[PDB]
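Enquirer: Below you'll find the structure I mean.
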Amino acid sequence: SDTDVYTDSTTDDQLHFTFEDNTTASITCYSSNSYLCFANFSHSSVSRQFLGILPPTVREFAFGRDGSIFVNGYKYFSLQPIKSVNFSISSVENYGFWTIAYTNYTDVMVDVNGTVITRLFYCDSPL
Amino acid sequence: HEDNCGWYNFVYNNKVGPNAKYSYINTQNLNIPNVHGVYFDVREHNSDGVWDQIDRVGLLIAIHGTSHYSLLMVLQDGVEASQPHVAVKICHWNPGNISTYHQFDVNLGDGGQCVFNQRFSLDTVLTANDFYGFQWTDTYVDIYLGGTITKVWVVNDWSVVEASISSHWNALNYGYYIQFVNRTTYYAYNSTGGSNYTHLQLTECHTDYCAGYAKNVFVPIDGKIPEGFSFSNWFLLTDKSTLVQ
Amino acid sequence: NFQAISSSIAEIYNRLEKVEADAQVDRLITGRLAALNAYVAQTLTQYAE
Amino acid sequence: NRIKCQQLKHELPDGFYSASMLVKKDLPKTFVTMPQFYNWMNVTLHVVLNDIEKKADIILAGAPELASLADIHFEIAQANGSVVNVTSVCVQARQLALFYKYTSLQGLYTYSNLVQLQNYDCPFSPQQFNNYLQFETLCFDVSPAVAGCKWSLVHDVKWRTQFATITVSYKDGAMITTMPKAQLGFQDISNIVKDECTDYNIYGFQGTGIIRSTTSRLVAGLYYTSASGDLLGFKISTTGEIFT
Amino acid sequence: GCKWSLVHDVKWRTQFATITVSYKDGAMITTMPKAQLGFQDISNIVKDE
Amino acid sequence: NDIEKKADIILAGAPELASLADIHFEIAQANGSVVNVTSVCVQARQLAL
Ligand SMILES: *[C@@H]1O[C@H](CO)[C@@H](O[C@@H]2O[C@H](CO)[C@@H](O[C@@H]3O[C@H](CO[C@H]4O[C@H](CO)[C@@H](O)[C@H](O)[C@@H]4O)[C@@H](O)[C@H](O)[C@@H]3O)[C@H](O)[C@H]2NC(C)=O)[C@H](O)[C@H]1NC(C)=O
Ligand SMILES: *[C@@H]1O[C@H](CO)[C@@H](O[C@@H]2O[C@H](CO)[C@@H](O[C@@H]3O[C@H](CO[C@H]4O[C@H](CO)[C@@H](O)[C@H](O)[C@@H]4O)[C@@H](O)[C@H](O)[C@@H]3O)[C@H](O)[C@H]2NC(C)=O)[C@H](O)[C@H]1NC(C)=O
Ligand SMILES: *[C@@H]1O[C@H](CO)[C@@H](O[C@@H]2O[C@H](CO)[C@@H](O[C@@H]3O[C@H](CO)[C@@H](O)[C@H](O)[C@@H]3O)[C@H](O)[C@H]2NC(C)=O)[C@H](O)[C@H]1NC(C)=O
Ligand SMILES: *[C@@H]1O[C@H](CO)[C@@H](O[C@@H]2O[C@H](CO)[C@@H](O)[C@H](O)[C@H]2NC(C)=O)[C@H](O)[C@H]1NC(C)=O
Ligand SMILES: *[C@@H]1O[C@H](CO)[C@@H](O[C@@H]2O[C@H](CO)[C@@H](O)[C@H](O)[C@H]2NC(C)=O)[C@H](O)[C@H]1NC(C)=O
Ligand SMILES: *[C@@H]1O[C@H](CO)[C@@H](O[C@@H]2O[C@H](CO)[C@@H](O)[C@H](O)[C@H]2NC(C)=O)[C@H](O)[C@H]1NC(C)=O
Ligand SMILES: *[C@@H]1O[C@H](CO)[C@@H](O)[C@H](O)[C@H]1NC(C)=O
Ligand SMILES: *[C@@H]1O[C@H](CO)[C@@H](O)[C@H](O)[C@H]1NC(C)=O
Ligand SMILES: *[C@@H]1O[C@H](CO)[C@@H](O)[C@H](O)[C@H]1NC(C)=O
Ligand SMILES: *[C@@H]1O[C@H](CO)[C@@H](O)[C@H](O)[C@H]1NC(C)=O
Ligand SMILES: *[C@@H]1O[C@H](CO)[C@@H](O)[C@H](O)[C@H]1NC(C)=O
Ligand SMILES: *[C@@H]1O[C@H](CO)[C@@H](O)[C@H](O)[C@H]1NC(C)=O
Ligand SMILES: *[C@@H]1O[C@H](CO)[C@@H](O)[C@H](O)[C@H]1NC(C)=O
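Residue numbers (our numbering), protein chains in the order written: chain A, 349 to 475; chain B, 104 to 348; chain C, -11 to 37; chain D, 344 to 587; chain E, 94 to 142; chain F, 326 to 374.
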């Protein structure tokens, strides 16, 4: 929910994908706070396709390989098999760091209380 | 300069800070002051510094690399008025230089390549000295005006800051500090329960990656998130419906 | 959905007409009525025990 | 008396009897989906029957004989002025509606020669199709093409002999949503109706109930189900408020 | 019999024409993936694992 | 067929690809090359698709 100015005048991306076999998608966003976000499936911004509205308090992006784009948990829209991600975004804290994980699927238990994860537990040992 | 850093403790770090939390703040900021009345402060470095002034005299800062051809520059005036206001512009000019001594509402160039403009209200709420500077990295321009931090994404090929005071006073004194930062300093915020200096316990660090210990960074010891960890930012990923309990 | 379209009844009446939606919702009724008798007989086990 | 009719007894023993009320008949509708820029189509099915060679003995006509007198086409409406006819449109847009309009050539709109649609295999009848149904893909056809499920097309509404099917091809999804009455202009779909018993259609979930507004914020997905697949709450996307 | 579909856009699966197959269950016809030729015996009993 | 409809085949409608379609079963003869048919129906013992 970093809401700043985007004075590109270069038709910038703010999020750029590379699909399998050299195909480019480039999505951008704005604000109103709702999130107007459009797309391009081209080399330049030849048109615009309306994705949706992201809710005002975004605090997790998630890019699956097949094309899933999770936001806050929910799957908002699918896409193509992703090869690489070219990104430029920030956060409203100016304090510490983010985390960008590289992650595999694994069966676990979760503790949910008020729709947020309380305590995680793994399933790897036979016990 | 303990009190002056102690004033820097109060006003500058009251930008954002929530309660009961500590982090590892790294912003290229002050270490040792400078007072300058040369009125053409042509200095070339690698990031901005911060100025400081209480009296009612207009200011002007210009930020550029070399004189480019489409790479936009920064223009800014801090002028005293009924309310002391400040306008920042992002545009471009070939002609001119700041040996000026005029009045400066909007006075440097009508560049035909201009995209960003905003007239900010400087919050002169405190009677003590309050700091106002800027920062850029490579694509990423910072504003520290008044009560917030605002970000501009353009491009930064920037190494020449131009600062000047445009008035010929005969003989006046100015309580007036301005620095120019070309460094990579680090700090360590605290605010555990309140050390009552004002609310916190600062710590500058010497070299690298100090006792700040941001809880977001962990060590994936087995491929496994460590137990006893705030999941304020990790979610259950699904597509059908979320849980509640 | 006991061999029917969907597991909610108001979904069924907003796709089909009443002359043919009744056959689909009939499998919901007889399926769910058996689900009560599975519960009731388990309960009367415990009341007598 | 409703307790007595549920008890099959003219006299009840005194005690506790679970009773409720028949709810209502007319309820104001309510339809909430993810906001999208409107792109609404208007395709109509149009059947014209030749009645100029076979004046008043069309009720004696055999089944393939009406196929020569048939005229089946999809009048897809252009947004410029008039309409265009095709054989098998298959939709790429976001909102659409199927309308039906049969015309005899010489005022023959009596019971003994009609045409009306008939659900034969599809899990949705054609006269319910303009409700808020949700698909991923949807493509129509009039020929014996690629088989999805097929709709019938009957002549005598007493003696329902068939001409030719309208097969549809589809799979479930959320990109295509049917609309009955062309919500144009708005880049937001609406009619949250609060504090009364409504009929909702929320993100594909469906049913009747009372919707309120609350002051509690959950950082999660769109909606919140029970253990039985019923709606308990949902989040508007354009703002942050959630409903119950 | 039953029919297989044949789709164009693997995002937007519009169909051309089906490949219907006709069949009934039995043991005279067995599909093989990789053409076991030459042998008059089919094999690969794999023991103790 | 991609020779009349260079790079706008993604805008082609559903029956339009049916004219550009070419569906056949290349049944392999055991002598050398392959033969194309429209609808083979197998009499042999092992086969693969
Ligand atoms: C997390 O999950 C990922 C799955 O999405 C895991 O990625 C898999 O990683 C394994 C090991 O690197 C890959 O398997 C290897 O693939 C190479 C190349 O494959 C080709 O050749 C093999 C036969 O040699 C053939 O079976 C394949 O079909 C290809 O023809 C092989 O040389 C290796 O022998 C081995 O098969 C998986 O392919 C890969 N997933 C995919 C489909 O890319 C990742 O390892 C996981 N990380 C964890 C659990 O730590
Ligand atoms: C979906 O598309 C349908 C096909 O066009 C739409 O039906 C059209 O609705 C408009 C509403 O304005 C009609 O225009 C009116 O026509 C009547 C007289 O109708 C008769 O004469 C016209 C002469 O042009 C003829 O075209 C008709 O077929 C009738 O013979 C006028 O009295 C009104 O003032 C007005 O002009 C169209 O006539 C009508 N077309 C057809 C073929 O029915 C339908 O509204 C669309 N639905 C939507 C957008 O939800
Ligand atoms: C950006 O900042 C860095 C360091 O903060 C600049 O380094 C400057 O480096 C020179 C050495 O090349 C330092 O000068 C030294 O000065 C002493 C005193 O006369 C002299 O005895 C040594 O032999 C040497 O000359 C200089 O102090 C240091 N300056 C600063 C700003 O700390 C770097 O030059 C800066 N970027 C610029 C302006 O190019
Ligand atoms: C985790 O769940 C428990 C159980 O619902 C929550 O405990 C409730 O907390 C509120 C405020 O602290 C009290 O008013 C309730 O009475 C508590 N419930 C019970 C049964 O005593 C707890 O708040 C949840 N944790 C969260 C939301 O962070
Ligand atoms: C504008 O004028 C100032 C002041 O004359 C120039 O600043 C000088 O820059 C040179 C080269 O970097 C230094 O050696 C001098 O010490 C600076 N100050 C003075 C007083 O000369 C500045 O370069 C000029 N900018 C132009 C002409 O574009
Ligand atoms: C900030 O200062 C506080 C004390 O004013 C530190 O709190 C102590 O932290 C250590 C571990 O680092 C604990 O063992 C002590 O019990 C804490 N004291 C209290 C008051 O409980 C705090 O750690 C400092 N900041 C950080 C994160 O190092
Ligand atoms: C580019 O795409 C082609 C096919 O689209 C692929 O074979 C190749 O690996 C891609 N990457 C390159 C050339 O780096
Ligand atoms: C992707 O990132 C690389 C490295 O930052 C950059 O050179 C390239 O231009 C980017 N691609 C885009 C913006 O399409
Ligand atoms: C710290 O001391 C100051 C006195 O200047 C007091 O106002 C403040 O409330 C104290 N904070 C705590 C947490 O006790
Ligand atoms: C709409 O445009 C089509 C051509 O694309 C034209 O044939 C038709 O007459 C137009 N209709 C009106 C009334 O504008
Ligand atoms: C549309 O109607 C015209 C006029 O009768 C007819 O000639 C044409 O064949 C029709 N087109 C289709 C695709 O049915
Ligand atoms: C196989 O035999 C057929 C005739 O039965 C002949 O047409 C074909 O060319 C032969 N192929 C080879 C390569 O022997
Ligand atoms: C086999 O291919 C030839 C060459 O294109 C063609 O002429 C012939 O019609 C095909 N036969 C069948 C049965 O498809």
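By construction, the Cβ of each residue, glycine as well, lies at the ideal position given by its N, Cα and C atoms.
If we count the other Cβ atoms within 10 Å of its Cβ and call it buried at 16 or more, is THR373/D buried or exposed?
Expert: Locating residue 373/D in the fourth sequence gives position 30, where the first residue counts as 1. Answer is buried; the Cβ neighbour count reaches 16.
Enquirer: Rounded to a whole number of angstroms, what is the C-alpha to C-alpha distance between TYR115/B and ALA231/B?
Expert: Taking the first residue of the second sequence as 1, we reach residue 115/B at position 12. Taking the first residue of the second sequence as 1, we reach residue 231/B at position 128. Straight-line Cα distance between these residues: approximately 12 angstroms.
Enquirer: Taking only the alpha-carbon atoms, compute the straight-line gap between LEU451/D and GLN438/D and give it to the nearest angstrom.
Expert: As a position in the fourth sequence, residue 451/D is number 108, starting the count at 1. As a position in the fourth sequence, residue 438/D is number 95, starting the count at 1. Their backbone Cα atoms lie some 34 angstroms apart in a straight line.
Enquirer: Check the C-beta distance from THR405/A over to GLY583/D and give it rounded, since I have them as a contact under 8 angstroms.
Expert: The residue given as residue 405/A occupies position 57 in the first sequence. The residue given as residue 583/D occupies position 240 in the fourth sequence. Rounded, the Cβ-Cβ distance is 7 angstroms, consistent with contact.
Enquirer: Could you tell me whether the Cβ atoms of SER267/B and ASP151/B are closer together than 8 angstroms?
Expert: In the second sequence, the residue the question calls residue 267/B occupies position 164. In the second sequence, the residue the question calls residue 151/B occupies position 48. In this structure, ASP151/B does not lie closer than 8 angstroms to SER267/B by Cβ.
Enquirer: By how many angstroms is the C-alpha of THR240/B removed from the C-alpha of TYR125/B?
Expert: One-based indexing of the second sequence puts residue 125/B at position 22. One-based indexing of the second sequence puts residue 240/B at position 137. Straight-line Cα distance between these residues: approximately 24 angstroms.
Enquirer: May I have a chain-ordered list of the beta strand (DSSP E) segments no shorter than 3 residues that lie completely inside the region 159 to 225 of chain B?
Expert: DSSP runs (the beta strand (DSSP E)) wholly in the region 159 to 225 of chain B: 162 to 167, 177 to 182, 188 to 194 and 217 to 224.
Enquirer: Here's a check: name, in chain order, each residue in its chain whose Cβ is nearer than 8 angstroms to the Cβ of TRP256/B, leaving out the five neighbours to either side.
Expert: As a first step, residue 256/B is located in the second sequence; it is residue number 153 there, counting from the start. Cβ neighbours of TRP256/B beyond the five flanking positions: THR242, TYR243 and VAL244.
Enquirer: Return yes when the C-beta of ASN285/B is under 7 angstroms from any heavy atom of ligand 9, and no when it is not.
Expert: Sequence index remark: in the second sequence, residue 285/B carries index 182 (1-based). Every heavy atom of ligand 9 is 7 angstroms or more from the Cβ of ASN285/B, so no.
Enquirer: Strictly below 8 angstroms CB to CB, what residues from chain F border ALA110/E?
Expert: One-based indexing of the fifth sequence puts residue 110/E at position 17. Residues of chain F passing the Cβ test: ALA343, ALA346 and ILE348.
Enquirer: Using only the alpha-carbon positions, how far apart do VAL497/D and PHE365/A sit?
Expert: By 1-based counting over the fourth sequence, the position of residue 497/D is 154. By 1-based counting over the first sequence, the position of residue 365/A is 17. Approximately 52 angstroms between the Cα atoms of the pair.
Enquirer: Could you please tell me which residues of the region 418 to 447 of chain A, in chain order, have their CB closer than 8 angstroms to any CB of chain D?
Expert: For the region 418 to 447 of chain A, which is checked against every Cβ of chain D, the residues closer than 8 angstroms are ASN420, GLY421 and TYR422.
Enquirer: What residues in the region 157 to 184 of chain B bring their beta carbon closer than 7 angstroms to a beta carbon of chain A?
Expert: So nothing in the stretch comes that close.
Enquirer: Should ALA339/F be flagged as near chain G, meaning a C-beta pair shorter than 8 angstroms?
Expert: Looking for chain G here will not work: the only protein chains present are A, B, C, D, E and F.
Enquirer: Please identify the residue among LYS501/D, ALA488/D and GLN461/D whose C-alpha is closest to the C-alpha of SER455/D.
Expert: What you label residue 455/D is simply residue 112 of the fourth sequence in a count that begins at 1. If we check each option's Cα against that of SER455/D, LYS501/D comes out closest.
Enquirer: Specify, as a first and last residue, the run of the alpha helix (DSSP H) that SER411/D falls within.
Expert: Your numbering for residue 411/D matches position 68 in the fourth sequence. 408 to 411 is the extent of the alpha helix (DSSP H) around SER411/D.
Enquirer: Is there a C-beta anywhere in chain C that falls below 8 angstroms from the one on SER495/D?
Expert: On the fourth sequence, position 152 is the one that residue 495/D refers to. No, because no Cβ of chain C sits closer than 8 angstroms to the Cβ of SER495/D.
Enquirer: Is residue 86/B near ligand 1, judged by its Cβ being under 7 angstroms from some heavy atom?
Expert: With chain B running from 104 to 348 in the structure shown, residue 86/B is simply not present.
Enquirer: For the alpha helix (DSSP H) that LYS6/C lies in, which residues bound it at each end?
Expert: Taking the third sequence and counting its residues from 1, the one referred to as residue 6/C is at position 18. 6 to 36 is the span of the alpha helix (DSSP H), which, as asked, contains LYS6/C.
Enquirer: How far does the beta strand (DSSP E) with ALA410/A in it reach, from first residue to last?
Expert: In the first sequence, residue 410/A corresponds to position 62, counting from 1. It spans 409 to 411 - the beta strand (DSSP E) in which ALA410/A sits, taken as one unbroken run.
Enquirer: Could you please tell me which residues of the region 455 to 466 of chain D, in chain order, have their CB closer than 8 angstroms to any CB of chain C?
Expert: Within the region 455 to 466 of chain D, the qualifying residues are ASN462 and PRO466.
Enquirer: Using 8 angstroms as the limit for Cβ to Cβ distance, is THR355/A near chain B?
Expert: Within the first sequence, the letter at position 7 stands for residue 355/A. Answer yes: the Cβ-Cβ gap between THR355/A and chain B drops below 8 angstroms somewhere.
Enquirer: Any idea what DSSP makes of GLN350/D, helix, strand or coil?
Expert: On the fourth sequence, position 7 is the one that residue 350/D refers to. Three-state result, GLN350/D: helix.
Enquirer: Is the region 262 to 280 of chain B close to the region 130 to 146 of chain B, with three or more CB pairs under 8 angstroms?
Expert: Yes, since at least three Cβ pairs between the region 262 to 280 of chain B and the region 130 to 146 of chain B fall closer than 8 angstroms, the two stretches touch.
Enquirer: Name the chain F residues whose beta carbon is nearer than 9 angstroms to that of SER431/D?
Expert: As a working note, residue 431/D is residue 88 in the fourth sequence. Near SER431/D (Cβ distances below 9 angstroms), the residues of chain F are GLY338, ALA339 and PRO340.
Enquirer: Is the shortest distance between the beta-carbon of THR405/A and the beta-carbons of chain D less than 8 angstroms?
Expert: Position 57 of the first sequence, counted from the start, is the residue given in the question as residue 405/A. Answer yes: the Cβ-Cβ gap between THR405/A and chain D drops below 8 angstroms somewhere.
Enquirer: Grouping DSSP H, G and I as helix and E and B as strand, with all else coil, what is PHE338/B?
Expert: In the second sequence, residue 338/B corresponds to position 235, counting from 1. Coil at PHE338/B, not helix or strand.
Enquirer: Using a threshold of 8 angstroms, state whether the C-beta atoms of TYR235/B and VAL153/B are closer than that.
Expert: Taking the first residue of the second sequence as 1, we reach residue 235/B at position 132. Taking the first residue of the second sequence as 1, we reach residue 153/B at position 50. Going by C-beta atoms, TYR235/B is nearer than 8 angstroms to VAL153/B.
Enquirer: Span of the beta strand (DSSP E) holding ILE0/C?
Expert: Along the third sequence, read from residue 1 onward, the residue named residue 0/C stands at position 12. Looking at the DSSP string, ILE0/C is not in any beta strand (DSSP E); the run it does join, the alpha helix (DSSP H), is -3 to 0.
Enquirer: Between the Cα of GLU330/B and those of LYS318/B, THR341/B and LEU340/B, spot the shortest distance and give me the residue it belongs to.
Expert: One-based indexing of the second sequence puts residue 330/B at position 227. Here the closest residue by C-alpha is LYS318/B.
Enquirer: Could you check where the beta strand (DSSP E) with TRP256/B kicks off and where it finishes?
Expert: If you number the second sequence from 1, residue 256/B lands on position 153. Careful: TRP256/B lies outside any beta strand (DSSP E) and carries neither H nor E.
Enquirer: At 4 residues or longer, what runs of the alpha helix (DSSP H) sit wholly inside the region 369 to 454 of chain D?
Expert: Listed in chain order, the complete alpha helix (DSSP H) runs (minimum 4 residues) inside the region 369 to 454 of chain D are 408 to 411.
Enquirer: Would you mind giving the Cβ-Cβ distance between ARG15/C and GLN(-9)/C, rounded to the nearest angstrom? I have them listed as a contact below 8 angstroms.
Expert: As a first step, residue 15/C is located in the third sequence; it is residue number 27 there, counting from the start. As a first step, residue -9/C is located in the third sequence; it is residue number 3 there, counting from the start. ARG15/C to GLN(-9)/C, Cβ: 6 angstroms. Contact.
Enquirer: Counting only Cβ-Cβ distances shorter than 8 angstroms, please list the residues of the region 10 to 24 of chain C near chain D, keeping chain order.
Expert: Under the 8 angstroms Cβ criterion, the region 10 to 24 of chain C contributes no residue.
Enquirer: Given a cut-off of 8 angstroms, decide if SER495/D and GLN461/D are closer than it, judged by their beta-carbon atoms.
Expert: On the fourth sequence, position 118 is the one that residue 461/D refers to. On the fourth sequence, position 152 is the one that residue 495/D refers to. Closer than 8 angstroms, so yes.
Enquirer: Closest by CA to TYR463/D, which one among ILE(-3)/C, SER(-6)/C, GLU(-1)/C and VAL7/C?
Expert: Here residue 463/D corresponds to residue number 120 of the fourth sequence, with the count starting at 1. If we check each option's Cα against that of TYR463/D, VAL7/C comes out closest.
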